[PDB]
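Next up: a single chain in structure tokens, the form deposited in one PDB entry.
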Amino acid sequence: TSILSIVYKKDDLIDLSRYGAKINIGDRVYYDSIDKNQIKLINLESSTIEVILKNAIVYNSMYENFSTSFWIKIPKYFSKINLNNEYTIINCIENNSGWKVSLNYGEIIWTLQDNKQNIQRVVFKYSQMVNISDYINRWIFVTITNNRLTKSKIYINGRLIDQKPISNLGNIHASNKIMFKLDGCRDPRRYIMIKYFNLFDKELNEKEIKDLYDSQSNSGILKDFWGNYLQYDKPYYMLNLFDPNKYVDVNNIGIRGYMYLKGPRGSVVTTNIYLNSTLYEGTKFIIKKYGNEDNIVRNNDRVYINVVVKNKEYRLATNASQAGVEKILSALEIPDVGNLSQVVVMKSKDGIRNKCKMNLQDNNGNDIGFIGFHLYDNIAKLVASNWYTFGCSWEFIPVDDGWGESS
């Protein structure tokens, strides 16, 4: 039922739908080199994507149901200038009728307007005053459904967030043009990233929404914290979802030492704007290829884990012959790893997005178990354990300008 479906192909954005919308791209639109479907719009007049729909499919009805889906990534709002500044990002208003998506500090907004200037708005609000956010500077799946007899609904990552009655709106006559552009944003530093914009000529149901989410999410490729492809040879700060206010540290190099979780994390703060845990804390992990893998970490890939201590790499490993169910993990000199267990199988696991698991194996093909932690009196030591289902879920956090913390 897709009447517009925008994808990157052959050095261009095209409509895959049978309606072949014309797409005009301004000279200040940018693409991620790792994934050209990830479009970046910045706060300049020529950072524009203009989609011209065929007359045939322009929305002009009291009764026709319709839906939109897209993924968005919204950098953290840093300053008072971002408060109280609703800005359009996707505009389909003509002569004060149609629809639009807009943003504000902590908000995604859907606006419907009929030809008598009755309006209805549905809103997703997310806080920047949280230790760890599912939303800030992370890919979010947005779905908005419109049943002209009942309600407008906004879904985030397949979950219903807000719904409002719209049966009081009359004829909505939207534009033949969809303008992707930051419109009315007073912060010249603002940008968004967007991908997989779709229009549908029905009210999508919860099952169709979940299937779209799961499909476009692509559980075959692991994700970093921000929702980008997880990569080999890229340093990552580590987050244990069960103990999110702790960071990984090393208690000495070698088999007689251990890795462990230490807390609390620091805070990054601008009064009244954000108050978050520091993400750039603790010993970084680097994922190493075990094989003929390409640059992206895929579900069930076999890897080594390198740990960075004072700008030197060591190997995550254990002696699985150590008595006990929990096998305490150490940072080994790479030349000394010998016969220690070190091969890891990376697994995707997609509530909170971007969860990864790591399954340790010995050199004889035996599972030692998922990597998590175990409390030994006051110290949360990293372990591999067949006991693993809480404490064995991890996120990998690279430095990102959309998060803005100091290195």
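Note that residue numbering follows the sequence shown and begins at 1. For the two forms, the rigid core is made up of the largest set of C-alpha atoms that agree within 1.5 Å on superposition.
Unshown form deposited in another entry; subsequent notes refer to it.
The one residue among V343, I49, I57, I42 whose Cα position changes by 2 Å or more between this form and the one not shown, with the core held fixed by superposition, is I57. The pair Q113 and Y59 is at least 3 angstroms farther apart at the CA level in that other deposited form than in the present model. Wider separation of the C-alpha atoms of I72 and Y59, by 3 angstroms or more, is seen in that other deposited form than in the present form.
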